[PDB]
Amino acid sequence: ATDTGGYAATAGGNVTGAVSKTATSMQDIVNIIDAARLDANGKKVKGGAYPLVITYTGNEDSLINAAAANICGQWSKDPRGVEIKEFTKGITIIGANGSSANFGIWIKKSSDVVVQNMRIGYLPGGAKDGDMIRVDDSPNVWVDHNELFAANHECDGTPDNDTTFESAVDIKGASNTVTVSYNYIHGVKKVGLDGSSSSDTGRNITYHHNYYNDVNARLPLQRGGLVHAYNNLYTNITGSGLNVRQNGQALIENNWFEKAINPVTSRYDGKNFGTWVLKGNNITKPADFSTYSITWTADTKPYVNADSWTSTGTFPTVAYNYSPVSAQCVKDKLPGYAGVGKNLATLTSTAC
């Protein structure tokens, strides 16, 4: 099955001929991927020689706990991450229950990559792109059931006063189809881009069943293309939520917003505002803003907020099958399905 409930359609490494490998450390993952490029005769194969399902059993709680206790010492350290570059055979990196990582996963020019059940937090190297997950020039990637966290805080004197920590799930380039689902993202200042610049526009991304809590912004910072955000729980958003820019289109349906500032907006460019189609959220009209503590702020440059809470454009027919539960159900049940150690459980209307 290649069904991710979103734009990406991939089975990752769970295909025919997949080779199962256990990784006990960051280094093992690197070595395993490196060996997966060799054919029977020891010669390298472009895109990889065989599919892989890597089970990561490592635990780096010590590193995570030390980092949490000294958050401002993280940005200047060397970034730590496993790069999955030009591997198209199909790969799934799934964490064992109880595993943890103080390193990121950087996907570059690959495809059919799935990252599940990984608990990644307080990564070093914010000043040198220490992303928890980065998807660059990579279509058909599925980031599902992970816990990505740090501290929603900015230390004094970091480069650009924005590098205490990098992002949770940055997406850029030709990452044409991506599904980000069932993740528990908390304590993150910059959650994730959708295009690295004003010119890096496009892509079709689906954000569904994610639980955001105490995050500052970029859910995502969208640039062009299509974004389908459904069944997500957005609470304690301290800056802005979905920032639809460079003429992007978004379908925001059956989500639960609460204690959020600028939950849906288009700001920082001063032009080429994106559009949104709102339907089925806990917020149905401006009268609900006070009920759920929705706050709005202006910007120094021309901007568009959804303070009228009305659709400002259209959205193409959703190309895949999905069935959202109600916004009330995500509020009630989502926390028990999102993140790690949930055995990749999915929230169905049956459980509502």
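Residue numbers here begin at 1 and follow the sequence given.
Comparing 26-34 with 39-47, the stretch with the higher mean C-alpha B-factor in the PDB entry is 39-47. Look at the mean CA B-factor for 154-162 and for 121-129 in the entry; the higher one is 154-162. Taking only the listed residues 258, 194, 137, 144, the entry reports the highest CA temperature factor at 258. In the deposited entry, the Cα temperature factor of residue 325 sits in the top third of values across the chain's modelled residues. The PDB entry assigns residue 73 a C-alpha temperature factor belonging to the highest third of its chain's modelled residues. Per-chain ranking of the deposited C-alpha B factor places residue 279 in the highest third.
Annotation for residue 266: C-alpha temperature factor in the middle third relative to the rest of the modelled chain, per the entry. Among all modelled residues in this chain, the alpha-carbon of residue 64 has a temperature factor (C-alpha) in the lowest third.
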